[PDB]
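A short worksheet on the structure shown next.
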Amino acid sequence: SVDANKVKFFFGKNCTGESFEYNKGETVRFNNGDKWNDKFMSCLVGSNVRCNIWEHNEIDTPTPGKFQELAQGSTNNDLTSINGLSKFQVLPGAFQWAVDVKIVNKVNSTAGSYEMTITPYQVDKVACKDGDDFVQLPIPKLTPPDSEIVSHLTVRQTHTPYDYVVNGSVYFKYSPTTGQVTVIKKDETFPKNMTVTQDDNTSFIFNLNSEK
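Numbering (the working numbering), first residue to last: 658 to 869.
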């Protein structure tokens, strides 16, 4: 059986082949280079845990890439029409979507001396350093879902001299059409020292060229 509170993956039609287990509130982005990604064939989802399966991800193309929200509880026995796999996101039945963010040393050499702490609209602050697999921020359905979300961003050193590197705000938003995630950045809130580029759908990468 599948847990109501966890999810599990099956590497053959009719829950066969190989078997895999997954925690709630986890995001895993495989590459087309690993055949172990295309090994996806079945899966099983509890009842209090969302699952999100994406194959194509783009941010200018007019053709909507293959996307499917796996129902918060069900079995997935034949889903070849989903186009195999490339990205999976598991949500703890509490967030409608989530977003991966990571820092990148564009000034330092070790990298593991900086920490980014971001706090969207009354969300649990999450502190990540240059030594993680893109920290996941929990985002509700909002109202409306195409509405923007205020987020304070504070980048500070993990250790001495413990100085502040960035102390500004950023706007996040998703398009409730194909799970398209986007970031709005304007001189009204956005700082002038760190920038963020959309390395993939739901996957952002912040580059730190300054050293405040």
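Even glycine gets a Cβ: it sits at the ideal position worked out from N, Cα and C.
Note to self: For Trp711, list the residues DSSP reports as bridge partners.
What the structure shows: In the sequence shown, residue 711 corresponds to position 54, counting from 1. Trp711 pairs with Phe724 and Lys744.
Notebook entry, point to check: With respect to the alpha helix (DSSP H) encompassing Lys665, which residues constitute its N-terminal and C-terminal limits?
Noted result: For the purposes of this step, residue 665 is taken as residue 8 along the sequence shown, with counting starting at 1. Element bounds for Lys665: not the alpha helix (DSSP H) but the beta strand (DSSP E), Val664 to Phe667.
Margin query: Taking the alpha-carbon of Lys842 as reference, which of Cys785, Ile806 and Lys665 has the nearest alpha-carbon?
Written below: Locating residue 842 in the sequence shown gives position 185, counting from the first residue. Cα-wise, what sits closest to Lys842 is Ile806.
Check: DSSP puts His809 in a beta bridge; with which residues?
Finding: For the purposes of this step, residue 809 is taken as residue 152 along the sequence shown, with counting starting at 1. Answer by DSSP bridge pairing, in chain order: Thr776 and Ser826.
Check: Do the segment 756 to 766 and the segment 704 to 715 touch if we need at least three Cβ pairs shorter than 8 Å?
Finding: no
Next item on the list: For the segment 662 to 672 and the segment 699 to 706, state whether three or more C-beta atom pairs, one from each stretch, are separated by less than 8 Å.
Entry: yes
Next item on the list: Just the C-alpha distance for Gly836 and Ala755, rounded to the nearest angstrom, thanks.
Entry: Position 179 of the sequence shown holds residue 836. Position 98 of the sequence shown holds residue 755. C-alpha separation (whole angstroms): 10 Å.
Notebook entry, point to check: Can you list the beta strand (DSSP E) stretches of 3 or more residues lying completely in the segment 833 to 864, in chain order?
Noted result: 837 to 841 and 851 to 857
Next item on the list: Measure the alpha-carbon distance for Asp844 versus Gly669 and round it to whole angstroms.
Entry: For this step, residue 844 is matched to residue 187 along the sequence shown. For this step, residue 669 is matched to residue 12 along the sequence shown. Computed Cα separation, rounded: 50 Å.
Notebook entry, point to check: Which residue's Cα is closest to the Cα of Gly730: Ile739, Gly722 and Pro749?
Noted result: For the purposes of this step, residue 730 is identified with residue 73 of the sequence shown, where counting begins at 1. Residue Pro749 is the option with its Cα nearest to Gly730.
Item checked: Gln746 versus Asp691 - alpha carbon distance -> In the sequence shown, the residue the question calls residue 746 occupies position 89. In the sequence shown, the residue the question calls residue 691 occupies position 34. About 18 Å.
Check: Would a C-beta distance cut-off of 8 Å place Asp695 and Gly741 closer than the cut-off?
Finding: As a working note, residue 695 is residue 38 in the sequence shown. As a working note, residue 741 is residue 84 in the sequence shown. Their beta carbons are under 8 Å apart, which means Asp695 touches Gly741 by this criterion.
Item checked: Neighbour-count burial assignment, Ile796, 16 or more Cβ in a 10 Å radius -> In the sequence shown, residue 796 corresponds to position 139, counting from 1. So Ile796 ends up on the buried side.
Checklist line | Whole-angstrom distance between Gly682 and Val659, CA atom to CA atom | finding: Start at 1 with the first residue of the sequence shown, and residue 659 comes out as number 2. Start at 1 with the first residue of the sequence shown, and residue 682 comes out as number 25. Spanning the two alpha carbons is a distance of roughly 16 Å.
Notebook entry, point to check: What is the DSSP secondary structure of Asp789, counted as helix, strand or coil?
Noted result: The sequence position of residue 789 within the sequence shown is 132, counting from 1. Coil, per DSSP.
Item checked: Residues that DSSP places opposite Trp754 in a beta bridge -> Working through the sequence shown from its first residue, we reach residue 754 at position 97. Paired residue(s): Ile796.
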